[PDB]
Amino acid sequence: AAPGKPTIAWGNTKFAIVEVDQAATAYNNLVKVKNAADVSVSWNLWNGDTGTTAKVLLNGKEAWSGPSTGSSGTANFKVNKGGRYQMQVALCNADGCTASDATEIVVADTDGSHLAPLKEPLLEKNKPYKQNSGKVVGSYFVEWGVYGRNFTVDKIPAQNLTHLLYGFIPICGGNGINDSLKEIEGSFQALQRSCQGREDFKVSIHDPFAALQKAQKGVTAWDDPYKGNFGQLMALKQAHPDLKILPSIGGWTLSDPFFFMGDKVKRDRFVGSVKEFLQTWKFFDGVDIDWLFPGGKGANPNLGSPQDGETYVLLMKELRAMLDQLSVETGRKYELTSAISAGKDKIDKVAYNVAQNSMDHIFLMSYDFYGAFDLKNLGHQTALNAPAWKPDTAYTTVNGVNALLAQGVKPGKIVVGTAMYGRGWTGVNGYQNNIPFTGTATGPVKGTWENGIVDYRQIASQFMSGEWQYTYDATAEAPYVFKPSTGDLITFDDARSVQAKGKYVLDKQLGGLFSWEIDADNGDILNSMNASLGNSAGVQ
Ligand SMILES: CC(=O)N[C@@H]1[C@@H](O)[C@H](O[C@@H]2O[C@H](CO)[C@@H](O[C@@H]3O[C@H](CO)[C@@H](O[C@@H]4O[C@H](CO)[C@@H](O[C@@H]5O[C@H](CO)[C@@H](O[C@@H]6O[C@H](CO)[C@@H](O)[C@H](O)[C@H]6NC(C)=O)[C@H](O)[C@H]5NC(C)=O)[C@H](O)[C@H]4NC(C)=O)[C@H](O)[C@H]3NC(C)=O)[C@H](O)[C@H]2NC(C)=O)[C@@H](CO)O[C@H]1O
């Protein structure tokens with residue numbers, strides 16, 4: 001007769017192919033990639049013949065076998081593929097095999113293969129849209145938004161996007177390399193902590209806690225291997241296989257390191273670390289380069305040179321070569337994109353007509369044209385065209401696009417930007433013909449989280465009544481609110497201005513639309529981005 005039926009003994013059932021130290025602060029101690037997870041299982045047989053051979057089955061497939069020597073045993077084996085498995089211990093002899101009831105074991109991997117899909121209902125004013133326009137619909141999610149702004153990955157209306165960008169991935173470096181970070185409390189210090197023992201100019205993760213250790217919906221167990229933003233993004237991929245999730249390197253406060261990459265030694269080290277990063281965090285689909293900006297004029301007044309244009313083109317070609325090599329290794333397809341200035345004076349410092357050959361998309365930052373950074377020359381911060389009171393306005397969306405086209409950039413590579421926040425001034429005065437933009441201000445408007453900036457969500461619920469005047473400039477395609485008594489002026493993007501941008505994109509055959517930043521919208525902006533680009537309503 002066949003052996004008796006054994007039972008599985010108490011013991012941990014959660015393992016991982018890629019290990020993460022949930023208490024680490026340094027990137028070099030934070031993660032360790034292995035070829036497989038080391039799984040262990042023990043069993044007991046209280047009644048019956050114990051057989052002659054013991055086997056471990058995973059979803060019915062043999063993963064281990066050995067001599068059965070008694071009423072109890074232990075098996076140690078490797079599992080090289082992530083997932084949730086139905087594991088059983090079977091005892092066999094010449095007369096047959098007898099399998100125990102199944103115990104679920106989890107083998108985690110960074111592609112999110114061990115996680116149930118993170119499929120959350122749409123919140124606030126977000127409405128469902130099908131991505132059938134064939135146009136890009138992207139938005140940036142910020143790593144630090146899980147704190148003060150209290151916006152997590154589960155709150156992203158993911159079904160309404162084709163591209164989700166993660167801002168921002170930093171480049172290691174101390175004094176003289178990341179000085180721009182010193183303007184934000186503890187930001188410079190956090191990066192040094194993360195880069196402890198790591199070579200300068202290699203990429204890293206700015207806030208390991210927010211990225212991998214903070215408990216969040218779907219990855220809330222005290223012993224889950226991947227938590228925080230990355231853990232949720234992994235689960236999000238399971239729910240949306242076609243969504244492109246990209247890591248964005250740089251941004252306003254993390255661009256200083258790019259200025260040193262004219263040195264091939266540093267550039268090679270950088271490109272190399274990006275490859276290893278992508279091999280480590282499998283849920284990412286490529287890389288987005290946000291160098292602000294080649295030639296200078298960024299956050300650091302002491303950086304920028306005429307050599308930057310060449311370095312940029314060299315960098316993109318080198319990254320594309322690295323991604324091709326990675327593709328032959330994994331068989332996957334990777335995207336290479338970049339967010340750039342929309343000002344003509346900056347665009348011409350780079351030969352995008354050449355760089356475009358190794359890029360999938362160009363995220364034209366058609367916003368921040370005006371703002372509290374200049375209290376004398378006011379104007380629409382993200383308008384499509386120039387206003388009637390100054391047809392020669394230099395900074396507009398159309399001017400940015402024309403500059404690229406004039407170089408030879410293919411229209412299909414250009415993705416137009418929308419703003420999910422407004423910029424404002426206070427004490428505006430000395431204006432003519434009831435056009436506030438013609439005067440001057442005395443400071444920044446009180447912001448939602450920081451001076452001179454207001455979330456669209458707050459504009460819609462707080463500044464659309466009372467003494468606030470509302471006006472939609474149909475010439476420039478830009479709305480704005482103004483409070484005469486205090487001189488508060490706010491320029492932003494609304495459902496209508498975004499609609500104009502989308503129609504413009506379809507008319508000129510551009511790539512689509514993207515926005516900054518997802519947490520600031522209440523649903524109106526993204527709904528319009530989708531609708532204006534031709535996507536049809538209804539869940540898919
Ligand atoms: C046409 C022309 O040439 N015009 C010029 C114009 O372009 C220039 O303005 C600059 O434009 C560029 C684009 O060209 C802007 O950069 C891009 O656009 C977005 C939106 O502006 C940028 O977003 C900012 O990103 C920074 C980081 O890079 C954000 O900084 C964060 O600040 C928050 C505080 O609110 C920090 O949060 C704290 O975090 C800690 C944890 O670290 C947490 O514990 C706290 O709770 C939390 N506190 C709060 C309050 O929540 C956070 O740490 C920090 N993050 C980092 C990494 O530093 C900043 O908030 C973003 N601002 C807005 C608005 O959202 C983005 O960098 C970039 N996008 C991309 C994809 O590259 C640039 O911002 C803009 N500069 C300025 C000064 O506005 C102007 C000026 O030079 O000149 C014209 O001529």
Side-chain angles (χ1 to χ4, degrees), residues 14 16-20 31 33 37 80-85 106-122 126 128-131 136-143 145-146 151-169 205 210-221 224-249 274-288 323 326-327 329-337 360-361 514 518-519 526 539-540:
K14 300 167 72 170
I17 290 167
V18 176
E19 284 175 35
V20 170
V31 61
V33 177
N80 62 34
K81 188 167 187 295
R84 284 179 288 174
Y85 302 84
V106 188
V107 180
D109 198 1
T110 61
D111 56 341
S113 53
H114 61 297
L115 303 167
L118 178 60
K119 195 173 186 53
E120 301 292 302
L122 295 177
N126 293 283
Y129 283 93
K130 294 181 182 178
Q131 299 306 305
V136 174
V137 182
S139 194
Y140 280 77
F141 170 93
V142 303
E143 172 170 287
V146 303
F151 194 94
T152 52
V153 177
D154 53 285
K155 296 188 179 179
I156 298 174
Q159 74 194 79
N160 294 341
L161 303 169
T162 61
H163 295 67
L164 175 61
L165 301 101
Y166 190 79
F168 286 112
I169 293 298
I205 290 176
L212 285 155
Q213 319 164 328
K214 191 172 199 294
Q216 300 297 353
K217 189 174 187 170
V219 289
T220 196
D224 281 337
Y226 320 130
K227 305 196 210 177
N229 302 333
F230 281 29
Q232 291 195 296
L233 289 169
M234 284 176 207
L236 193 65
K237 282 293 295 187
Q238 297 304 301
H240 304 281
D242 299 318
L243 175 65
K244 299 298 194 307
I245 301 181
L246 303 172
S248 301
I249 305 167
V274 176
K275 184 183 184 184
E276 176 178 59
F277 184 86
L278 293 175
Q279 293 177 304
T280 302
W281 308 108
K282 302 177 173 186
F283 69 89
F284 278 124
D285 298 294
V287 63
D288 177 51
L323 291 174
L326 188 63
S327 293
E329 285 171 42
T330 72
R332 299 169 54 194
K333 299 305 170 55
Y334 302 95
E335 288 197 348
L336 172 58
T337 65
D360 293 279
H361 308 286
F514 79 101
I518 196 61
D519 61 279
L526 187 54
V539 184
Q540 54 167 45

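For reference, positions follow the sequence shown, starting with 1.
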Within this structure, what is the OG-CG distance for the pair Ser139 and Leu165, rounded to the nearest 0.5 Å? 8.0 Å
I need the minimum non-hydrogen distance between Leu115 and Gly231, along with the two atoms involved. CD1-O, 3.6 Å
Please determine whether side-chain contact (heavy atoms from CB on, under 4.5 Å) holds for the pair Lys119 and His240, giving the CA-CA distance in whole Å, both sets of side-chain angles, and the decisive distance to 0.1 Å. CA-CA 9 Å; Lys119 195 173 186 53; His240 304 281; 4.2 Å; yes
Once rounded to the nearest 0.5 Å, what's the spacing between atom CG of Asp242 and atom CG of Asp285? 10.0 Å
Would you check if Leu336 and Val287 make a side-chain contact, meaning some heavy-atom pair closer than 4.5 Å? yes
For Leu118 versus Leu236, what's the shortest heavy-atom pair and its separation? O-CD1, 3.7 Å
Is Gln216 reaching over with its side chain to a backbone N or O of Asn229, donor-acceptor style, under 3.5 angstrom? no
Find the distance between CD (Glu120) and OG1 (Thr152) and round it off to the nearest 0.5 Å. 9.0 Å
Would you indicate whether the side-chain heavy atoms of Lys14 and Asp224 approach each other to under 4.5 Å? yes
Can you tell me if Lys227 uses its side chain to pair, donor with acceptor, with the backbone of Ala221 under 3.5 Å? yes
Donor-acceptor contact present, side-chain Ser248 to main-chain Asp288, <3.5 Å: no
How long is the gap from CH2 on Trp281 to OG1 on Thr110, to the nearest 0.5 Å? 7.0 Å
Using side-chain heavy atoms (C-beta onward) and a distance below 4.5 Å, is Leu122 in contact with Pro157? yes
Minimum side-chain heavy-atom gap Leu233-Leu164 below 4.5 Å: yes
Any chance you could lay out the side-chain contact (heavy atoms from CB on, under 4.5 Å) test for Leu212 and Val31, step after step, and finish with the verdict? CA-CA 10 Å; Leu212 285 155; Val31 61; 5.9 Å; no
If only atom types and distance count, is the side chain of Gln159 paired as donor or acceptor with the main-chain N or O of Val539 below 3.5 Å? no
Aromatic plane relationship, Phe141 with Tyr166 - under 30° parallel, 30 to 60° tilted, over 60° perpendicular: parallel
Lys/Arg N to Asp/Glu carboxylate O, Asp109 vs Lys282, below 4.0 Å: yes
Check whether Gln238 reaches the backbone of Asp111 with its side chain - one donor and one acceptor, N or O, closer than 3.5 Å. yes
Residue pair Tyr226 / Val18: nearest heavy atoms and the distance that separates them: OH-O, 2.6 Å
If you take all heavy atoms of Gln540 and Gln131, which pair is closest and at what distance? OE1-N, 3.1 Å
Just how far is it from atom CG of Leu246 to atom CD1 of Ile169, taken to the nearest 0.5 Å? 11.5 Å
Of the non-hydrogen atoms in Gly286 and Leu278, which two are nearest, and what is the gap between them? O-CD2, 3.3 Å
Just verifying a value: how many Å separate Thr162 OG1 and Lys244 NZ, rounded to the nearest 0.5 Å? 7.5 Å
Measure up the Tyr140 and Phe168 rings against each other and bin them: parallel (under 30°), tilted (30 to 60°), perpendicular (over 60°). tilted
So, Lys237 side chain and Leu243 main chain: donor-acceptor pair closer than 3.5 Å or not? yes
Shortest non-hydrogen contact from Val107 to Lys81? CG1-O, 4.0 Å
Measure the shortest side-chain to side-chain distance between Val136 and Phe514 over non-hydrogen atoms and say whether it is less than 4.5 angstrom. no
Do side-chain atoms of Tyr129 reach the backbone of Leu526 as a donor and acceptor pair under 3.5 angstrom? no
Test side-chain contact (heavy atoms from CB on, under 4.5 Å) on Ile205 and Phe230; report intermediate values, then the result. CA-CA 11 Å; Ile205 290 176; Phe230 281 29; 3.7 Å; yes
